[PDB]
Amino acid sequence: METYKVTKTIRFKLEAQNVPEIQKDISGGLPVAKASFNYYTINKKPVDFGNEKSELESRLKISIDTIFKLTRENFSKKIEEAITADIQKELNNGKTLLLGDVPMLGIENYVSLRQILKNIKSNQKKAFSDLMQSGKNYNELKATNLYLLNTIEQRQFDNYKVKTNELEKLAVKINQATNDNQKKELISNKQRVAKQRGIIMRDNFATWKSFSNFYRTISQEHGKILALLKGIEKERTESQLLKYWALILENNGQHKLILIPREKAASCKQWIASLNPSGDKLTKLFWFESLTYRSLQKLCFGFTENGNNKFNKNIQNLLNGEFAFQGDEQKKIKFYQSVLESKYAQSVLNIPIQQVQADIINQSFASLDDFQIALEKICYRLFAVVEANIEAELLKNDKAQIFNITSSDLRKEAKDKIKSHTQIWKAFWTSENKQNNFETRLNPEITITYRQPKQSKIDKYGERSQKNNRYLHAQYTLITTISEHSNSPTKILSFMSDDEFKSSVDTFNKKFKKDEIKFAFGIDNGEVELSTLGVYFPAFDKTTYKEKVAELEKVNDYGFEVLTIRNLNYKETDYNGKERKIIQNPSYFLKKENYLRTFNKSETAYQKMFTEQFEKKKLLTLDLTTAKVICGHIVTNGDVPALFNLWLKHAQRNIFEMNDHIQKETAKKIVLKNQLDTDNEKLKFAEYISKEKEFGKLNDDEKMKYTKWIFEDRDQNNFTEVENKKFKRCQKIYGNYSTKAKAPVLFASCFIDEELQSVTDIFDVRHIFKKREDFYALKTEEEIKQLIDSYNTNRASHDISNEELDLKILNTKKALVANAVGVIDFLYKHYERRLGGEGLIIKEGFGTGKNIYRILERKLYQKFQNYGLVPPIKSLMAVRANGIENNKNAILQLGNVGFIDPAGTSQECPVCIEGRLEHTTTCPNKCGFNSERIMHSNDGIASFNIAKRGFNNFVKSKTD
RNA sequence: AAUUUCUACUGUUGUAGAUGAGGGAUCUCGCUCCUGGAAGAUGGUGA
RNA sequence: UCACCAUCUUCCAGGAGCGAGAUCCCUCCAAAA
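Listed below in structure tokens is the structure:
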């Protein structure tokens, strides 16, 4: 399908060769210099600007008389007069009524409208509050000046006073007897009490409420204008760093940067243009020139109204501003064509006269866009010169400054696995690009950043350590931005209104035909670990159980190949006398080349190794948790350690905040256990894992049954379907704790000063830690327990702040999701190629309404956006809406992406549906299904079910 | 504890993923200090 | 029994200073001696 004007920021390492001027000025990257490839774009000198402040001031000097006309709210004349009377008080001394800003805006004589409004608001509430506390009556109220409130009904305040009274009563209960449990309880109640009171006040008070709205109104304009000012001022850098003309020099397969002083710029070009156009004399020079549709606009119009722009002065006859071109694309296009056609234009706009003439001037266009694209399409020009001795002449005369561009990839051309970003940069220079009319486009703007090496790793840690690493040094980082598929419509769905968006996206969705679909994936929502994955094909929809099972027996025909690690413990010794462990990075044992260079072994040994250490399988599901791609291979257990780190930190954070829960001076004994015995603990736990709203509807016996339904076998605790359904609805976080099944979990209960079997605080250690077999290879459970035990009491162990903890976690999350995105991308390609069609990525519709999952959602989307299978959009998380509730048939579609309802889960059998089932266990209905040689675990059945339903919903979905 | 990515693991030239860049307004909720009022426990005030 | 003082504490309201989070919009190529 089509492609998009995707924009990608990119960056490279800079090395100083000669910086006579830059070095004069020489935590994170710091801007130091900004430069452009376009000799015209430099000419926007800062001085080329007026005193914009004064004009904006015209928008701000509101008078008292207009204020009531600035609001949608309706006020009784008496209320309006009172506001005016109040304002008259405030009208004293200062006269310049303003929005409110830096005194530079309006001089100290200024008074903020917002503040005055906020003032009055505060005074009224305060006055009212103390009246309340004093215990006066309605008549008292009426005799007061509370214009905002004295209009309040006799009825209403009754409530409020009563309620107020309630707070007083409650307060003495808190003044006295100082019992925590009840005091907390009491505080809760009061909080509630206050909640509704606010509701009451907020909602039931028209004058108050109205005014509230009024204040909430005035602030919006102030906010809109303030954004403008900030933008303007920030952009309006009086001494803006943009002072250099950017050039490109190539030499010996390496590219160099050149920055020229502005003053010298002019003359430079002159000298430049006199040289030969082509050759193979080693040294080469480059520069950019182009004209843009967007610039035409700003050339043809703009300052025109100001009487400044001299271009339009000379073409007045050709014309009536841009706005005059109302509902007529043929007018603008022909207008423009004339402009171009205009020799005068041709005398100063550096354009391909011949080319423009042949295609632009000569031809007509169906729509404005078409014209636009062509313009910039052609306008983009790349110039080259061949001559030796160039750089010294530039240095000798032009006082130029030069930089070197470098990376890991650059410094070895002679290899295959180049990083994805470097392709772009490389591909840019190629002739084929030029042949295609500069498909890939370099924006004419660049950035230079400085980054002081971080102290923390310098002195005693890498410097004195004599390490190989180069973070401790000074660095110059180049920031650039590139385009893809520029020669394509700049389709934007962002700016649409309500009804508009839905139509547009639907039109988009029409691209995909129901018969084209060949396969559909599915992503489970399970929180036991990251997630689980499945795939489906329509052919599985047979008519009878026997047909379905037989079809399901063709995994050799439909499945995907996989490699599995045999022995994790496996390790070797290299040619340098150090142990390598396979588990830590399998690649060293996969890619033949690396193996040889490391271990000095022969081809046959490699072959024997390969065969012995691994296994091959074909499956219809997968464990996404640990999955990674290596050298075009899928491995379940590729990266154990990534998970491990995740959990560990997981543990660290939750435990640390538990102790740091202002647990001051109280012996909140935090005890770590592998299970829970008493009902008090169990009941105190199930609450954490259920919705309080639905929890309150359970009785004590139901609460007891719920705990048994959690911590006890459900095959013997004969709960009813309604009980199960109620429990499922109560369930908040999906999980498993069946007795001590193959995923044992810990617990971090917190006794209160002793083993008092009545009250406790228990975070589900599902937030803290879980145990898996695989980890053992890394560390022994005893070592694992000892380590974590450090957390609970060892305060000194917490030498690092949260600011680090959080970002470590956040980035750890990023890494997993990145591995995930790799596997999913790989798979998609495979099937596509294998079946010659497009598939559907169906995801459990977890959203804002209902953390990784959000992340997973996002990054997934972007990997697919470069493919153009999905619309362009503001931001996925600012899109989603209703239509995702109470329907097993519901579906939301965005391109090939789709969201559905979470009703129903693993239990539904693939074949007989109704029979509850577990992986490795035969169907209770004896339908004939088996999961022995088709899936990997229990979770696989779920991800199979979700796709099955998702595809059925998609076909059911009808635009008809 | 080799990095445009120091972002992941291993590790002085590997496997993956990386648009992102900058920036700002509004609104809520947590924690400290200040001013006034409410309201409460003592000891002196007159039976 | 009542006006004020002594003492310490709870609460609300209002103001300032500090911290976290949702939600939205913009930025990323143009001139004459």
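Numbering (the entry's author numbering), first residue to last: 1 to 26, 206 to 498, 508 to 1038, 1049 to 1158. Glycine included, C-beta positions come from ideal geometry on N, C-alpha and C.
Taking the C-beta atoms as reference points, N713 is found nearer than 8 Å to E1032. Within the stretch 373-432, the runs of beta strand (DSSP E) that reach at least 3 residues and sit entirely inside it are, in chain order, 423-430. DSSP places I590 in the uninterrupted beta strand (DSSP E) bounded by 589-594. Inclusion of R473 and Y568 in the CB contact set at 8 Å is not warranted, their separation being larger than that value. For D949, same chain residues with a beta-carbon under 7 Å away, outside a window of 5 residues either side, are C938 in chain order. Going by beta carbons, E252 and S398 fall outside the 8 Å limit. If you draw a straight line from the Cα of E909 to the Cα of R917, it comes to about 12 Å. Between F700 and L1023, the C-beta spacing is not below 8 Å.
The beta carbon of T866 sits closer than 7 Å to those of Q945, all from its chain and outside the five residues before and after it, given in chain order. Three or more beta-carbon pairs separated by less than 8 Å link the stretch 926-938 to the stretch 854-868, which places the two stretches in contact. Per the DSSP secondary-structure output, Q919 pairs in a beta bridge with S878. Residue range 6-18 is occupied by the beta strand (DSSP E) that includes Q17.
In the DSSP annotation of this structure, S457 is not part of any alpha helix (DSSP H), being labelled neither H nor E.
The C-alpha of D977 lies about 26 Å from the C-alpha of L756. Ranking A212, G273, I243, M283 by CA distance to the CA of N230 puts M283 first.
Straight-line measurement puts the Cα of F523 at about 8 Å from the Cα of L498. Less than 8 Å divides the Cβ of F591 from the Cβ of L14. Scanning its chain for C-beta atoms nearer than 6 Å, with the 5 sequence neighbours on each side dropped, one finds around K958 the residues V933, in chain order.
Ranking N825, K996, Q1105, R334 by CA distance to the CA of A965 puts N825 first.
Counting the other CB atoms within 10 Å of its CB gives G285 a total of 16 or more, which places it among the buried residues. A buried status is given to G1096, since no fewer than 16 other beta-carbon atoms sit within 10 Å of its beta-carbon. Following the DSSP letters along the chain, one finds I1029 in no alpha helix (DSSP H) but inside the beta strand (DSSP E) bounded by residues 1027-1032. Contiguous beta strand (DSSP E) elements confined to the stretch 1095-1150 occur at 1095-1098, taking only those with 3 or more residues. Rounded to the nearest whole angstrom, the CA to CA distance from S555 to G515 is 12 Å. Taking a C-beta distance under 8 Å as the contact criterion, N905 and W897 qualify as a contact pair. Going by beta carbons, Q840 and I877 fall outside the 8 Å limit.
Here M684 has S692 as same chain residues with Cβ atoms under 7 Å from its own Cβ, once five neighbours each way along the sequence are excluded. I956 carries a coil assignment under DSSP once its states are collapsed to helix, strand and coil. By the criterion of at least three beta-carbon pairs nearer than 8 Å, the stretch 796-810 is not in contact with the stretch 1111-1118. Per DSSP, the beta bridge partners of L666 are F12, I636.
By the Cβ rule, the stretch 555-565 counts as touching the stretch 468-483, because three or more pairs are nearer than 8 Å. Under the three-state reduction of DSSP, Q560 is assigned to helix. Straight-line measurement puts the Cα of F915 at about 57 Å from the Cα of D762.
One alpha carbon belongs to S446, the other to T786, and they sit about 57 Å apart. Beta-bridge partners of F748 (DSSP): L807. Each residue's CA atom was taken as its position, placing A1008 and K816 some 7 Å apart.
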